[PDB]
């Protein structure tokens, strides 16, 4: 059956080791982990992605889809971005989805789906682009606005994210909204909003899996 790797972005807790350089997959290095952002009230990105990721896991499991998580808690150091990608590749999953939230200007809001471009392998060139497009349509269908300050119509093909560069299986990274925006943060800070994000995410994952 289907297997999905879920990466709730960032760590449950950080230490100085997050500054260690790790490969990007395109030659250079970047920091092992970014700390992540937060809403104005202090709700951290790492907890938003963890709590939303658990709802996504529950939804996929309800469909009979086996899941794996990149980290097992929201209160301790987790793996660096290169390790998370190597872990995902070792599982050989049918899809990989990373969950993040952005820290942008307060008036900008909405989601963007990131994918590796230019592609480094045939999966990145084809299936992952299709996965990104399906996911963008699904978030829009849940009434999550496409970001009005970054990407293009809810999509962002890019070369600078190590986890996307290193993937050998279909992989996307979803920035679900801007934590600094009043409307997005109200969604993120509510259990009902996190469930609505997870509903969009599961429909995007299932839609992509059903085409493969």
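Positions refer to the first chain, counted from 1.
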- Item | Mean Cα B-factor comparison, 197-205 or 5-13, giving the higher one as deposited | 197-205
- Determine, for stretches 160-168 and 28-36, which one has the higher mean CA B-factor as deposited. 28-36
- Message: Sorting 152, 178, 70, 47 by Cα temperature factor from the record, which one lands on top?
- Response: 152
- Task: Name the one of 54, 173, 65, 147 with the greatest CA B-factor according to the PDB entry.
- Result: 65
- Item | Third of the chain, ranked by Cα B-factor, where residue 113 sits | lowest
- Position of residue 141 among the chain's modelled residues by C-alpha B-factor, lowest, middle or highest third: highest
- Query: Thinking about Cα B factors across the chain, which third does residue 96 belong to?
  - Reply: lowest
- Taking the values exactly as deposited, rank residue 81 by C-alpha B-factor within its chain and report the matching third: lowest, middle or highest. middle
- Query: Which third of the chain holds residue 130 when residues are ordered by C-alpha B factor: lowest, middle or highest?
  - Reply: middle
